Asker: 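Quick one: this structure, given as structure tokens, is what I'll be asking you about.
Side-chain atoms are counted along with the backbone in the values below, which use heavy atoms only and exclude waters and symmetry mates. In what follows, chains are A, B, ... by sequence order, proteins preceding strands, each numbered from 1.
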Amino acid sequence: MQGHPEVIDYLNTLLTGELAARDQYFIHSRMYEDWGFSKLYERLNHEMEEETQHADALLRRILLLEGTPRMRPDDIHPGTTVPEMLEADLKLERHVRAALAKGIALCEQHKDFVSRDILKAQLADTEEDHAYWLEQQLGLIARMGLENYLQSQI
Amino acid sequence: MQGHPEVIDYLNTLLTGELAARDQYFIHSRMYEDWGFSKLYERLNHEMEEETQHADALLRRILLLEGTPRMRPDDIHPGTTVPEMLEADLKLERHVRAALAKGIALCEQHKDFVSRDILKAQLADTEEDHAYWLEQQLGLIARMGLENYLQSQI
Amino acid sequence: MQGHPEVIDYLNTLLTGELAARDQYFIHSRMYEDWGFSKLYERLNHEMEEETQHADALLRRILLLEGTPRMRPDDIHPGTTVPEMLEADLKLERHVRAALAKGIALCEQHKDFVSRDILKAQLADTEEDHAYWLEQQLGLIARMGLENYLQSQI
Amino acid sequence: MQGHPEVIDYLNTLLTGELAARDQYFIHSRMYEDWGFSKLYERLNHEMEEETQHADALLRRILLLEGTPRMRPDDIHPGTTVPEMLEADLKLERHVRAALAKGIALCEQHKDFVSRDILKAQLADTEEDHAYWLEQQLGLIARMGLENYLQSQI
Amino acid sequence: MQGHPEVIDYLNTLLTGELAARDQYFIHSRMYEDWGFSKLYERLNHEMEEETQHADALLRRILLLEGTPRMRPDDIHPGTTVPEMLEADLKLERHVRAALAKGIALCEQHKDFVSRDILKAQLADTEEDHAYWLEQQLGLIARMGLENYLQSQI
Amino acid sequence: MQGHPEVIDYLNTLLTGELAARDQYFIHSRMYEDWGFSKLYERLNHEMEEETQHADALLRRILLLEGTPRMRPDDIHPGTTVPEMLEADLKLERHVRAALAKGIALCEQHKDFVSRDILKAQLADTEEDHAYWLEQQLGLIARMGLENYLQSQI
Amino acid sequence: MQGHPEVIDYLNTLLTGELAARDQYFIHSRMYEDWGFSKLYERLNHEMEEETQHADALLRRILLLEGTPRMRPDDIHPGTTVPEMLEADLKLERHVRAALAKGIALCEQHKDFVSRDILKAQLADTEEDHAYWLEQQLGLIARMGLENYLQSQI
Ligand code: NA
Ligand code: NA
Ligand code: NA
Ligand code: NA
Ligand code: NA
Ligand code: NA
Ligand code: NA
Ligand code: NA
Ligand code: NA
Ligand code: NA
Ligand code: NA
Ligand code: NA
Ligand code: NA
Ligand code: NA
Ligand code: NA
Ligand code: NA
Ligand code: NA
């Protein structure tokens with residue numbers, strides 16, 4: 001089935017974003033492990049896997065709609081300390097949140113309701129799982145101090 | 001432990017190559033699935049997972065050596081038909097083979113024997129698993145014809 | 001127990017033949033695997049194992065009869081394509097068939113009935129298992145065409 | 001098989017080093033236990049066992065090569081506080097790393113490839129397991145403070 | 001992938017050597033059984049199987065490198081008494097050891113690191129398993145006498 | 001609890017003795033294995049483990065008493081033949097026996113009854129297990145001859 | 001059997017001491033629980049049970065020796081904060097240690113070796129289990145601070 005060209009283009013924009021998010025969580029999880037923060041490695045490794053699944057869902061939808069997926073990831077922006085890394089991932093998730101919301105509106109406009117539903121599922125993951133968790137970590141640092149927070153993530 | 005700068009740089013060159021190979025097998029496996037060739041999807045999906053493990057091993061080694069991983073994948077070059085896709089993946093694996101062999105020689109020269117061993121393991125995977133399998137598929141097409149070959153991959 | 005010298009000599013002739021057949025099926029099975037014909041690899045690998053057992057039975061009988069086994073295999077004649085390999089193995093099995101039948105007659109003449117029985121067991125394997133299967137494969141190529149046959153052996 | 005005298009001598013130098021490392025981790029693990037840091041006792045007790053296995057591999061190789069093992073351990077240099085003990089073990093592992101790398105080069109030069117492979121296995125353990133872990137602990141102290149770090153090791 | 005002609009030729013030299021070693025242990029194991037030394041039969045039968053695996057690894061590597069395997073075994077040199085058989089197998093294993101070491105150096109020179117690794121694995125088997133065991137048996141004969149040694153191998 | 005300085009010093013003397021005994025049984029067990037005497041390897045490997053436990057008990061007691069353990073092993077004196085090795089280990093165990101008995105008397109004198117009990121446990125192991133077994137082996141050699149004895153230890 | 005009156009009297013002195021120690025650990029364990037330090041409650045509750053077993057062993061021995069047990073516990077001296085409670089229990093265990101050592105000497109003098117052995121078992125518990133653990137806790141407070149220590153005992 002040929003999808004609407006505007007929708008296929010927008011899905012491709014989301015795809016390169018998710019390929020990049022996957023890779024930013026790849027490098028951050030391994031950086032966390034390099035420093036001995038096993039709990040932070042485990043969570044970001046999980047979020048890398050979630051992003052790979054998000055990317056896969058978009059890629060498959062684009063092919064189903066007879067489009068050609070764009071596989072070049074967007075640039076990533078890794079941090080250099082734990083607070084910078086949390087903040088950088090939260091900034092990225094806020095960007096993805098806004099991009100997904102715009103995409104849901106566009107899919108509704110072009111009457112592509114299945115693509116809309118794919119994006120809504122990813123939007124709920126973005127808001128309720130990764131972004132919320134990042135906000136929580138930054139809030140814990142603010143409440144107990146960075147040193148106590150880091151101790152808790154060994 | 002601070003690694004030798006030339007070795008760290010070369011590992012980074014291999015890393016961006018493996019991130020790209022992962023993504024080329026991501027798109028090819030899903031293209032194969034889009035056309036209904038389940039056996040080709042299954043093999044390339046497996047090879048995508050293997051490439052992710054190769055990339056992970058290099059990334060972790062670079063961090064251990066106190067280097068900074070380069071996460072921008074090299075460009076990929078997907079094909080548009082099954083023969084083109086097999087040929088494109090074989091070309092990529094031949095490139096990776098040559099790059100790994102050069103890296104093993106460089107690691108020996110700089111007396112980084114653990115990095116050498118990591119690359120040798122990936123070299124054996126490259127020669128004996130993916131590249132050999134691709135050569136076999138292209139040889140089967142040549143022996144039984146493309147139509148019979150495609151039938152066998154449903 | 002000292003065996004009859006003519007019988008021991010003839011068993012040695014069969015032994016060098018079976019050592020050679022083992023090795024011809026060793027190289028053919030791995031050639032089949034090299035090309036991606038897993039079903040042909042599996043059958044010839046099995047027939048290599050059967051030949052090793054045939055050789056072992058003859059070797060042990062020669063020692064029991066106080067003879068000295070000849071361990072130099074006869075020359076082998078591998079093919080270069082699937083039809084040539086099937087034909088070459090069928091030619092070899094026809095040669096072994098004739099040699100075993102001659103040996104059974106010789107054992108009867110010299111009243112070595114246990115050696116006769118060992119050869120009869122190998123003769124039945126030769127006629128009813130490997131040679132018959134090879135004839136069947138060549139007949140399938142003739143009935144469905146080489147390309148369809150090769151497809152079936154992946 | 002008589003080994004090359006230079007290689008046997010060098011393996012003996014490594015052996016007395018590993019016997020000493022075993023004993024330095026013996027005393028440090030029990031010191032950690034004496035102070036109530038169970039997690040540090042457990043890790044160093046494990047590393048003592050690993051060193052015993054390293055020493056055993058070298059000793060057996062020297063005997064196989066018809067050499068006579070030197071069983072006098074090198075001197076050890078235990079610390080008196082947790083940071084000093086971590087630093088002392090990291091210094092020792094860095095020394096062993098350099099000694100193994102030199103030994104691998106020497107084995108290659110004298111074409112003793114099996115001894116080279118034994119040393120490479122120990123080199124990978126040294127770099128990727130104990131030395132890396134020690135670097136991580138010292139980095140955790142630097143990131144969260146010594147008091148928080150010690151709390152985490154109870 | 002086309003291998004380096006010098007490496008393929010050398011692998012073929014090793015292959016005919018391993019096919020011969022397989023057959024020398026075939027005849028010796030059965031000779032040991034013929035005399036009632038079950039423990040010597042069991043060990044040499046195992047070493048025959050190991051040699052078959054060594055030969056298989058070389059054969060498959062030669063095919064992968066697009067070479068043509070040479071399947072004519074080298075001549076064998078069986079002994080006529082238990083001490084002669086042990087000595088003959090030890091001489092053969094020392095020859096294989098030297099040939100493998102030369103091959104590892106040649107593979108390094110031609111930058112064929114996977115072939116090098118295949119040979120190193122076989123080299124370790126040769127030095128640490130069969131050759132060492134043969135040296136041990138000859139040493140036991142020297143320490144307890146041949147008659148006591150033979151009794152122990154029933 | 002601060003131990004009596006004379007008792008702590010004496011425990012340290014026993015500790016360096018047990019570290020040495022551990023290492024003498026390490027080298028002897030592997031020498032026995034090198035010659036193919038599996039039963040002698042197994043027993044001395046066990047006695048090496050027992051000595052490690054003896055050393056550990058002393059080391060921990062010294063730390064508990066707020067002393068500083070001495071980790072330099074005494075010199076060892078390995079033999080070069082099976083009878084010399086048995087005799088050398090029996091001489092060492094007789095030395096340890098005398099040293100432990102002296103230590104038990106000293107602990108009683110200084111009213112350190114728990115240290116006394118630790119030494120009594122080791123004394124019983126020394127007399128009733130290793131030393132007695134060594135005496136038995138030397139007696140078996142004397143009763144059946146060295147060649148028969150060695151045969152029994154394969 | 002009538003015990004020596006001096007020994008029976010001394011065992012009674014130890015009995016009233018152990019009845020008191022039981023009760024001091026009864027009140028401290030429940031105080032720790034009252035404040036929410038579950039780990040400190042669990043350890044002191046265990047030590048209360050151990051003291052009950054110590055008291056039981058002495059009581060039964062006194063009856064066996066036809067003596068009359070004294071069941072009035074000595075006075076206890078509970079602390080009012082965690083550091084005071086640890087210190088008070090360590091002072092009590094040091095007192096019990098000295099009393100047991102004196103009792104062992106007295107039992108030896110009066111040739112009551114079974115009573116001596118009962119006291120030695122309790123002495124080892126006192127030195128190696130409770131007193132050592134208390135010393136460790138006070139040392140942890142000194143190394144990480146009281147606030148971190150208390151956090152670890154929730
Ligand atoms: Na996402
Ligand atoms: Na996400
Ligand atoms: Na790869
Ligand atoms: Na690959
Ligand atoms: Na046959
Ligand atoms: Na056959
Ligand atoms: Na067909
Ligand atoms: Na080591
Ligand atoms: Na180590
Ligand atoms: Na071999
Ligand atoms: Na071999
Ligand atoms: Na005997
Ligand atoms: Na001992
Ligand atoms: Na002992
Ligand atoms: Na008590
Ligand atoms: Na107590
Ligand atoms: Na804390």
Side-chain angles (χ1 to χ4, degrees), chain A residues 23-49 76-93 130-154, chain D residues 25 28-29 31-33 35-48 50 79 81-94 96-97 123-154:
Chain A
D23 288 341
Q24 183 159 307
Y25 307 156
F26 197 178
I27 181 58
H28 282 169
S29 61
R30 274 64 175 167
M31 284 171 67
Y32 286 139
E33 184 85 307
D34 172 60
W35 294 330
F37 298 118
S38 79
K39 300 190 189 94
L40 287 172
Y41 160 80
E42 291 288 347
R43 181 67 189 235
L44 272 298
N45 176 65
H46 167 76
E47 295 300 337
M48 179 186 70
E49 290 165 345
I76 63 164
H77 308 274
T80 72
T81 65
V82 172
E84 291 176 5
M85 295 154 77
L86 290 169
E87 292 277 13
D89 289 343
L90 182 52
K91 187 177 184 175
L92 179 49
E93 291 290 347
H130 201 197
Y132 196 23
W133 180 86
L134 290 159
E135 287 175 348
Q136 290 178 358
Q137 306 318 292
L138 288 163
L140 289 170
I141 288 164
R143 291 175 165 84
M144 70 188 57
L146 179 60
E147 296 79 15
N148 274 359
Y149 177 75
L150 292 180
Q151 186 192 341
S152 78
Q153 298 305 304
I154 288 170
Chain D
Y25 307 156
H28 282 169
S29 61
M31 284 171 67
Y32 286 139
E33 184 85 307
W35 294 330
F37 298 118
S38 79
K39 300 190 189 94
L40 287 172
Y41 160 80
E42 291 288 347
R43 181 67 189 235
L44 272 298
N45 176 65
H46 167 76
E47 295 300 337
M48 179 186 70
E50 293 283 287
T81 65
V82 172
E84 291 176 5
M85 295 154 77
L86 290 169
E87 292 277 13
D89 289 343
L90 182 52
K91 187 177 184 175
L92 179 49
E93 291 290 347
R94 287 171 172 169
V96 169
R97 193 275 151 194
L123 182 60
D125 294 347
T126 299
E127 293 185 6
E128 307 209 309
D129 298 335
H130 201 197
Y132 196 23
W133 180 86
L134 291 159
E135 287 175 348
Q136 290 178 358
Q137 306 318 292
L138 288 163
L140 289 170
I141 288 164
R143 291 175 165 84
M144 70 188 57
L146 179 60
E147 296 79 15
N148 274 359
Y149 177 75
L150 292 180
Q151 186 192 341
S152 78
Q153 298 305 304
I154 288 170

Asker: Which class fits the ring pair D:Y32 and D:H28: parallel under 30°, tilted 30 to 60°, perpendicular over 60°?
Answerer: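 Ring orientation of D:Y32 relative to D:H28: tilted.
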Asker: Do A:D34 and A:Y41 have side-chain N/O donor and acceptor atoms under 3.5 Å apart?
Answerer: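 No, A:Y41 and A:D34 have no side-chain donor paired with an acceptor closer than 3.5 Å.
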Asker: Side-chain contact test, heavy atoms from C-beta onward, threshold under 4.5 Å: evaluate it for D:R94 versus D:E135 and give yes or no.
Answerer: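 With C-beta onward as the side chain, the pair touches.
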Asker: Between A:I154 and chain D, which part of the residue has a heavy atom less than 4.5 Å away: side chain, backbone, both or neither?
Answerer: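 For A:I154, the contact with chain D is made by the side chain alone.
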Asker: Is A:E33 close to chain D through its backbone or its side chain, or both, or neither, when contacts mean heavy atoms under 4.5 Å?
Answerer: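 Contact with chain D: backbone only.
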Asker: Name the region of A:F37, side chain, backbone, both or neither, that has any atom closer than 4.5 Å to a heavy atom of chain D.
Answerer: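 Only the side chain of A:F37 comes within 4.5 Å of chain D.
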Asker: Quick one: do A:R43 and A:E47 make a salt bridge, cutoff under 4.0 Å?
Answerer: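 Between A:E47 and A:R43 there is a salt bridge, with a charged N closer than 4.0 Å to a carboxylate O.
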